[PDB]
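[1] Pasting an experimental structure, sequence included:
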Amino acid sequence: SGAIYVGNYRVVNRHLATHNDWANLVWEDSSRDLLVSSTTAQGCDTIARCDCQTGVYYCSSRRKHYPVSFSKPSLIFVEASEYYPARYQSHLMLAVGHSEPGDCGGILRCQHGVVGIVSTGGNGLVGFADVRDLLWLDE
Ligand SMILES: CCS(=O)(=O)c1ccc(OC)c(NC(=O)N2CCC[C@H](C(N)=O)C2)c1
Ligand SMILES: [Zn+2]
């Protein structure tokens, strides 16, 4: 679990969105596993606007942060789950690191701010949904 709070927006994994997120829907994209809902309280998180390929992510299944080197956002094949059929997920960044399904939502950050959230994983792999291209999160 986990979310990003910036301005009047809450960014979460689309597969973990609540009834309240869908009732206050701003934008969603199944192909990216992202959903953004509106909030009444002001968020203070900062979104990175950069091309960093190194950062630190929070891993809840270890209660620890880990440094990662990650690939540029791209279309990557993701095996079927109870949430989605087998498909290509877009804007996904892959890295070597520990992750379990419940780690989705953990923030990945670089020196410029929030880069994305955990969205997929594998055997010694962790994948992050990028949010740096969503310029409207700041206006
Ligand atoms: C044996 C567990 S594992 O295959 O290593 C593993 C580690 C980590 C994992 O998530 C961090 C997973 N689960 C997933 O990647 N997904 C399930 C939830 C929806 C995700 C999506 N964006 O489509 C895909 C499996
Ligand atoms: Zn950066």
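    Structure received. Numbering: from 1, shown residues only. Ligands and ions are numbered 1, 2, ... in the order given.
[2] who does the residue of the chain found nearest ligand 1 bridge with?
    Relative to ligand 1, the nearest point of the chain is residue 121 (2.3 Å; Cβ to the nearest ligand atom). Quick note: C-beta positions are derived from backbone N, CA and C, even for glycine. Residue 121 has these beta-bridge partners by DSSP bridges: residue 126.
[3] Quickly note the distance from it to ligand 2.
    As defined by Cβ to the ion, to the nearest Å, residue 121 lies at a distance of 22 Å from ligand 2.
[4] so who does that residue touch?
    For residue 121, the contact set (Cβ atoms under 8 Å, 6 or more residues apart in numbering) comprises 99, 100, 101, 103, 127.
[5] just residue 126 next, same as before
    By Cβ under 8 Å, 6+ apart, the contact set of residue 126 is 57, 59, 68, 94, 95, 96, 97, 98, 99, 103, 118, 120.
[6] try residue 80
    With Cβ under 8 Å, 6+ apart, residue 80 has these contacts: residue 86.
[7] Which positions in this structure make contact with ligand 1?
    Listed as neighbours of ligand 1 in the chain under the rule Cβ under 6 Å from any ligand atom: 15, 33, 78, 81, 83-84, 89, 99-101, 103-104, 118-123.
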